[PDB]
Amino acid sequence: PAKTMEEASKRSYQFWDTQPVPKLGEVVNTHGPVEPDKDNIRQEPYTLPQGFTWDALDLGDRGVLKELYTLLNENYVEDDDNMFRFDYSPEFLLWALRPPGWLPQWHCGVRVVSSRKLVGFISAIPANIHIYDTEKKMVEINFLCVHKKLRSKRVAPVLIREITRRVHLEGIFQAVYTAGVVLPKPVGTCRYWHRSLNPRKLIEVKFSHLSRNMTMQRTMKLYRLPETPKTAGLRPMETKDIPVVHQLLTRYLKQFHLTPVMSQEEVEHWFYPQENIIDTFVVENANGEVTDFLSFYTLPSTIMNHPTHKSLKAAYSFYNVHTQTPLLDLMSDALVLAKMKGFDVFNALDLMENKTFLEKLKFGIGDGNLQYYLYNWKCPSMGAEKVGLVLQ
């Protein structure tokens, strides 16, 4: 897999060349589908290698959910140095995979026939997507995972074609997805940044390193945060805030070029606070009006092969909407709140207006890009500051 775009144009894409996505080399000056919708869809599941079978996973079954948790806990995304691996919790997986409109056939697992061991997965969830001047019903593809023992055996293309087929059956012909690798063809390239909250732990586990000309004592003083937030009237989101949070989000997102279009029910799902999954804080001013909100989701990572430190607790910036409170103040309170809740690090991408605060609030640039992709949709690429979509 290629990490740089120039390194990717020396690569040949035996699978992606067959798919309705623009070629890495071509420049896109149009807006529309790569190919027309299909009006007959293959009725049969694609064939897996001998000894493996499809199984749609009922994540409402606690045992099955735990099998998926374990597949991902052991085989999902790692950093470049193979030191850290995402550790999505079972309850977080339910949040990410059963939003409004979720469909059981879109939780697409692969099992070993004999042992029944879960060795593969891919998911779709439905989402209405605004892309430049077009609003489309699409799916979001996530959690593509092949067991380490099954890798480099052409299994991932089968998972992709099978989820494509199952989405086609429901009348949907576009998708959005993100990858750390460069593929044909990014609509936008974002960059993770990191804000230390427990610098000591981060250094001991080699998530970060001491800056060249400063000491540990200095690093700790540099990243120290207030004990409590400063914004007047900041509080956790409640049921009564669902409408205004939907209103605020909907109006705020119009300024970007790739955004979700959430119903009020989707807003309830994605923002209503759930401990250790999603945090949302609103600003209720002196008149009782909600004028801003901040939000971040919980995603720890396994620290691989470490005898003492086993896990790294990370907060991920979600959607932050400002209309009366400065964004910089909002995000400082996010950092303070994440520190209070025990997070070790606060991550955020350089999309939306995030570049206006990343350096000022002492974020450090990461080593990983997050590429954004559309399936079967041709449009011009956009800068990170025009991406207004955050995926789990």
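Between two forms, the rigid core is defined as the largest C-alpha subset superposing within 1.5 Å. When you see a residue number, it is the position in the sequence shown, counting from 1.
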**Farther-lying stretch by C-alpha RMS in 7 other deposited structures of this protein (rigid core fit) among 72-80, 309-317** = 309-317
**RMS Cα shift after core superposition in 7 other deposited structures of this protein, winner of 213-221 and 293-301** = 213-221
**Prompt:** Mean CA B-factor: is it higher for 111-119 or for 163-171?
**Reply:** 111-119
**Request:** Taking the mean of the C-alpha B-factors per stretch from the entry, tell me the winner out of 8-16 and 370-378.
**Result:** 8-16
**Complete:** Of the residues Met220, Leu258, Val146, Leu94, the one whose Cα carries the largest B-factor in the deposited record is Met220
**Message:** Looking at the C-alpha B-factor values in the deposited entry, which of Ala315, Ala179, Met237, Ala127 comes out highest?
**Reply:** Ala179
**Prompt:** Relative to the other modelled residues in the chain, which third contains the C-alpha temperature factor of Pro199: lowest, middle or highest?
**Reply:** highest
**Complete:** Binned into thirds over the chain's modelled residues, the C-alpha B-factor of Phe343 lands in the middle
**Asked** Thinking about Cα B factors across the chain, which third does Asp133 belong to?
**Response** highest
**Complete:** In terms of its chain's C-alpha B-factors, the third that includes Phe357 is the middle
**Assigned third (lowest, middle, highest) for the C-alpha B factor of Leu68** = middle
